[PDB]
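Next come the chains, spelled out residue by residue.
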Amino acid sequence: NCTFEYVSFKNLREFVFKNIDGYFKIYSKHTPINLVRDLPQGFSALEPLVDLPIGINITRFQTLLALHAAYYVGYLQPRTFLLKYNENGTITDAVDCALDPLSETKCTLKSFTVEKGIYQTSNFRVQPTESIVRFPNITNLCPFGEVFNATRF
Amino acid sequence: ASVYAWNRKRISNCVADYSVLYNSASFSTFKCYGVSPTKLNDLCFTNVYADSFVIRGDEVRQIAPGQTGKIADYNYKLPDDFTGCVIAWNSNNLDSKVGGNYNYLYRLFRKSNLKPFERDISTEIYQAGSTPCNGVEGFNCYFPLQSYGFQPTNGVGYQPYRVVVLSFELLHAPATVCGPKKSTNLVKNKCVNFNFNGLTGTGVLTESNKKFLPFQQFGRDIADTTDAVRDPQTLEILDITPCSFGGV
Amino acid sequence: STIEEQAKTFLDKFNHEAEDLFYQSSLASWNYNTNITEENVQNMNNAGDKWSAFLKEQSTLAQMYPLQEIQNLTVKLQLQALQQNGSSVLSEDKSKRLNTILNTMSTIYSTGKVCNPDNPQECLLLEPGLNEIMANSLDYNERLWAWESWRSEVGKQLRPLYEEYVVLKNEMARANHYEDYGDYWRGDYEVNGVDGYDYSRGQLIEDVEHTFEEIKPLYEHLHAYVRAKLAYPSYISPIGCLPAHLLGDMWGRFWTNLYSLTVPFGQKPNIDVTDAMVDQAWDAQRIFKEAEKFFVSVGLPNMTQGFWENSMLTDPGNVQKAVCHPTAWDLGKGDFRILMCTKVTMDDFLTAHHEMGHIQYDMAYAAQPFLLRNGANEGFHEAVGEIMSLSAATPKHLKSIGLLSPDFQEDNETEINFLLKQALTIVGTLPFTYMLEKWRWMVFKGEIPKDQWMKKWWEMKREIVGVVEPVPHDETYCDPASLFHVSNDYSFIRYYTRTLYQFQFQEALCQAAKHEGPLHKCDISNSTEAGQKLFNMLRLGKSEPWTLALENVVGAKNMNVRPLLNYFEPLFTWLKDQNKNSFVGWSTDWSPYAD
Ligand SMILES: *[C@@H]1O[C@H](CO)[C@@H](O[C@@H]2O[C@H](CO)[C@@H](O)[C@H](O)[C@H]2NC(C)=O)[C@H](O)[C@H]1NC(C)=O
Ligand SMILES: *[C@@H]1O[C@H](CO)[C@@H](O[C@@H]2O[C@H](CO)[C@@H](O)[C@H](O)[C@H]2NC(C)=O)[C@H](O)[C@H]1NC(C)=O
Ligand SMILES: *[C@@H]1O[C@H](CO)[C@@H](O)[C@H](O)[C@H]1NC(C)=O
Ligand SMILES: *[C@@H]1O[C@H](CO)[C@@H](O)[C@H](O)[C@H]1NC(C)=O
């Protein structure tokens, strides 16, 4: 059954895939690179390419190759971020709040640069390790057993 | 297509303009069930199922929710909660000829009725009585399909009528087949209630200077309010000023 | 499951196959009748053989269905109309003998050629030779010679063949649970299983006899007036009957040829809009368009365009030969055409309107299954055609469409001439139809001995019709078989029944149209109520008993000539006034051959 169809190292192609509200969205970025082992330690943006009103409950994936290298796969967490839009709206830098306390300070101060000082970020809270229910004794049992163990009925 | 072998086409990921068809004025029947033809023109759907076939004139009324008859039971059935439309136009010059247009067939016998959106192609010899058919016609054994008789002389209820059922699907997936979204010429340097793909702002539009990104649609201010809009018709940015006002 | 459901499904499949097969046969017949070629005859034979084989196979496969356990009226009617074996009820030898005798007698009638003793080579057929001789020429000797030769060289040959055909028909009707083949033909009007509408075969005889008895005074006065007018005083006694050959035809069926000899007022011009039609440049297409406009005016739906693109209205040149006989082709599967060689005449105007009424009736019951896509009986469709032609023949209709100029006046003398001509056309053959049908009934049932057959005929000819043979004929003659229907196995009561039906329908329409004045001046133009009332029975066709349709139209479930009496009441009074000095009736004893 077909319900949809569409047709459109020296280089690194990066992609982000996510399904939200039945819309599958892909954000791509092709960049020139000069390295062969690991991801460059720099910064770049990802702009959207395709959104599809498919909503197929996608849970698994696998890459496809043609038989006549290496690649990297991460995962996405629901994090809070701060982004620095430049003069013409190009994402120049970003900070993840959950990374470390300094990052949390940057997030809560709305600035990539934080003036020297003391700053409150959150409120440490100790959650209940478990729950305990306490009641008096249950000694006062009703004569259900006598009906159960009734010799004469 | 034949009515028992009605052709289903799935339509999605495109703008559907029902206005031209509803206003083409070349059709015998136009019955949109549950939705006005003009209203559905400005309406979106995930899928459109076009079921095309040819029936007699008297069979056209059989193509409706909650209807009976040989066509409505053995050839094709419409659900009671039918939200689409039924369109029908004569094809006497198209699907009839002198001598009889016999290519079309209609199912007349079946062991049971048809489910909604169900197509029956089985040619099993229907057994009216108890005599086994054994693949051939005899006593109490007759072919489920009868050839349509279409000639340019036939009566109004007997002419070949092409009927397409447009069933509209709004499933969990987001809507794909929508309407033209009738655009309007825009103005500038004037207090105008503007709408750009749902922004529905109000104010004055002026020529902008800032440059958007190719994937970008509209701007925003530090206070998180709409300030700039790229025109969807032609790719250029326009600044937005709120409608002039003040104290007196 | 049940036998009734299996029979219904079998009838449905039979209709499915019959649609295509009969459509192919009808299109081949139309091609042959528009172009007479050898290949047309070949495909005619192929289609006829295929259709006959299919009908016989379906009849055999349906006869095993018992009709007594079937409660559906329409299904039972379809099964009884399909299972009618007919002549096949006999053995193959007897059936083929009957078919050969029928073919031989039809060939003798069609090729009946008489030669004058003056020139043995100079021979003429009945049509157009003898019919014109005894219809236009007024020479007593020539008409007598033509009549005697036609009944001699054909009757003598046909008498043994006709006797054998009669006995074979009687034995097959007996094998078909009929007392005689006359009862077999009367079974067409038979209605069973309907409360308050059942009709019996003997009821047909009773109704025909009663209607003829009612017409007897009017026919006696008309015969007296015609005899007084007749042209041939020496050979026609004023008290005696009329010669058979001096009635405009061999059998005296139609006396319209005597109209010139029996015109009430010769100085009064006859109503004919042919000259104005020529002035208005009306042709076959224009006449058909005006007729369609008239049919729409009464409320009937607009007629199809495939008719115009397929039907033949004029003579298709001379390269191809086409049948000029007026026919309304109901080819099936919605195919309706009219085959005519239409000229610019008022007669062709009326004939085209008659054929279009036929086509409207055919398309009315087109929604019925194949077995029910026919008229109620042999006299229903012709009644509709005749009433449509008569409505088209009214002076009001002609004046409304401009064919008859407004300055034309309608006087009593012109009305009397029109009524008398209509009488000679219609009621002239009613006594002849009654007597011939009674003779056929008695011949099939066997009351009339062979050595008395002709002796019986000329008896009632002098009594029922007041017609006397100019020269005596013995039993070697087969004068009844000299007619088309007797020599071709066709029921002759159909004309009397269709006359009664058309009079009843015309009177009912005029009552529904609220006509003011004489019945012969009644025009149903611009009367939607009359058209709707007619359609209420046209669509039924034969899906319902004809008695029910007759009740729905005229309020009477049975035949009656009261509409005929209303139509001819001015003419009846005029004839009674004229016959004050002319003996009314006839004398059976007197004959031209006895002095
Ligand atoms: C717009 O983004 C680009 C990417 O860094 C830069 O473009 C410069 O500025 C304008 C375009 O806005 C143009 O003169 C050139 O595209 C760039 N300048 C020069 C001298 O080449 C810049 O960062 C952004 N634009 C501005 C004005 O800052
Ligand atoms: C939508 O259609 C309009 C009408 O053609 C387009 O306007 C023209 O577009 C072409 C090329 O796209 C230009 O060469 C013309 O100059 C445009 N017309 C005018 C008056 O300027 C419009 O471009 C289309 N929309 C998009 C996004 O291409
Ligand atoms: C996706 O899965 C959820 C539960 O896991 C279910 O409720 C929903 O109907 C599914 N939708 C589709 C389109 O598979
Ligand atoms: C009676 O009480 C004893 C107490 O342990 C229990 O084990 C036994 O199942 C009871 N039997 C009945 C019949 O009540």
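For this deposited structure, the header cites cryo-EM as the method used and 3.73 Å as the resolution.

Below, the discussion takes up the overall build of chain C. Regarding its fold elements, chain C presents 24 helices and six strands. Against the globule reference of 25 Å for 595 residues, chain C gives a C-alpha radius of gyration of 24 Å, in line with a compact fold. Along the first, second and third principal axes, the C-alpha set of chain C runs to 75 × 60 × 55 Å.

Now for the nonpolar core. The biggest cluster of nonpolar side chains holds 161 residues, and the ones touching the most others in it are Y162(C) and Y165(C). Here the element with the most residues in this core is helix α9 (residues 201–229) of chain C; it accounts for 10 residues. Excluding residues within four positions of it along the chain, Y162(C) makes contact with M105(C), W439(C), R440(C), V443(C), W453(C), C478(C), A481(C) and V486(C). Ranked by size, the runner-up nonpolar core spans 22 residues in total, among them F53(B), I71(B), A88(B) and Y161(B).

A separate point is the packing of helix α14 (residues 346–364) of chain C against helix α15 (residues 380–393) of chain C. Residue and element names in this part refer to chain C. Where α14 meets α15, the axes come as close as 7 Å, and the angle between the chain directions of the two elements is 135°. The angle between the axes of α14 and α15 places the two elements in the oblique class. Our pair here, α14 against α15, has a crossing hand that is right-handed. Contacts from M346, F349, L350, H353, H354, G357, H358 and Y361 of α14 reach α15 at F380, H381, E382, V384, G385, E386, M388, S389, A392 and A393.

This next bit is on helix α23 (residues 546–554) of chain C. All names here are of chain C. Across the nine residues that make up α23, a large majority, seven, are buried. Along α23, the residues classified as buried are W546, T547, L548, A549, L550, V553 and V554. Of the surrounding secondary structure, the elements contacted by the buried residues of α23 are α15, α21 (493–513) and α22 (528–538). Downstream of α23 by a residue or two, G555 has a phi angle that is positive, lying close to 85°.

Attention now moves to the interface of chain B and chain C. Facing the 22 residues of chain B at the interface are 22 residues of chain C. Across the side of chain B that touches chain C, the residue classes tally to nine nonpolar, 12 polar and one charged.

A word on the sheet that holds strand β11 (residues 202–207) of chain B. Two modes of strand pairing occur in sheets, parallel and antiparallel, and in both the strands are linked by backbone hydrogen bonds. All names here are of chain B. Read from one edge to the other, the open sheet built from four strands follows the order β10-β11-β13-β12, with strand pairing classed as antiparallel. If you trace the sheet from one side to the other, it starts and ends with β10 (191–193) and β12 (228–230), each paired once. Sheet twist, expressed as the mean angle between neighbouring strand axes with direction ignored, is 45°. When β10 meets β11, the two strands line up antiparallel, connected through three bridges. The partner of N193 across the bridge, within β11, is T202.

Okay, unusual backbone geometry next. The omega torsion across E127(C) and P128(C) is 0°, close enough to zero to call that bond cis. Structurally, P128(C) is set in helix α5 (residues 126–133). The backbone phi angle of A25(B) is positive, close to 55°, even though this residue is not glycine. In this fold, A25(B) is placed in the loop between α1 (18–22) and β2 (29–32). Taking relative accessible area as the criterion, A25(B) reaches 73% and is therefore assigned exposed. Of note in this structure, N140(B) is not a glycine but carries a positive phi near 60°. Of note, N140(B) is situated in the loop between β6 (126–127) and β7 (141–142). In this structure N140(B) comes out as buried when scored by relative accessible area, which is 4%.

Residues and elements named next belong to chain C. Measuring sulfur to sulfur gives 2.0 Å for the UniProt disulfide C115/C123, short enough to count as a bond. For the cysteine pair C510 and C522, annotated in UniProt as disulfide-linked, the sulfur atoms lie 2.0 Å apart, within bonding distance in this model. With a gap of 12 residues between them, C510 in helix α21 and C522 in the loop between α21 and α22 connect regions that are remote in the sequence. Look at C510 and you get buried, because its relative accessible area is 6%. By relative accessible area, which is 1% here, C522 ends up buried.

Residue and element names in this part refer to chain C. In the numbering used here, UniProt assigns the feature "binding site: chloride" to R151, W457 and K461. Looking at where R151 falls in the secondary structure, it is placed in helix α6 (residues 140–153). Contacts of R151, omitting those with residues within four sequence positions, involve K156, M250, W251, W458, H473, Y477, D479 and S482. Within the secondary structure, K461 sits in helix α19 (residues 453–463).

In this section: the environment of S543(C). Residue and element names in this part refer to chain C. Note on placement: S543 falls in the loop between α22 and α23. Residue classification places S543 among the buried residues on the basis of a relative accessible area of 6%. Each C-alpha atom of the pair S543 and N417 lies 41 Å from the other, and the pair is 126 residues apart in sequence. Excluding residues within four positions of it along the chain, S543 makes contact with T74, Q368 and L372. There is a polar contact of 2.5 Å between the side chain of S543 and the backbone oxygen of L540.

So, how was this worked out
- Residues numbered from 1 in each chain as written, not as in the entry; some residues may be left out.
- Chains lettered and ligands numbered in written order.
- Part of a larger assembly, values for the part shown.
- Heavy atoms only, no water.
- Residues with missing side-chain atoms left out of burial classes, pairs and counts.
- Helix = DSSP H or I, 4+ residues; strand = E, 2+ residues; numbered from the N terminus.
- Rg over C-alpha atoms; globule rule 2.2 N^0.38 Å.
- Core = buried A, V, L, I, M, F, W, Y, C linked by side-chain atoms within 4.5 Å.
- Buried < 20%, exposed > 50% of the residue type's maximum accessible area, 1.4 Å probe, protein only.
- Contact = heavy atoms within 4.5 Å.
- Axes fitted to C-alpha atoms, helices over the stretch in contact; angles between N-to-C directions.
- Parallel < 35°, antiparallel > 145°, perpendicular 65-115°, else oblique.
- Left-handed = near helix turned anticlockwise from the far one by under 90°.
- Nonpolar A, V, L, I, M, F, W, Y, C, P; charged D, E, K, R; others polar.
- Pairing = 2+ DSSP bridges.
- Disulfide = S-S within 2.5 Å.
- UniProt positions renumbered as here; feature names shortened; annotations may be inferred.
- Polar contact = N/O pair within 3.5 Å; in protein donor to acceptor, adjacent residues only side chain to side chain.

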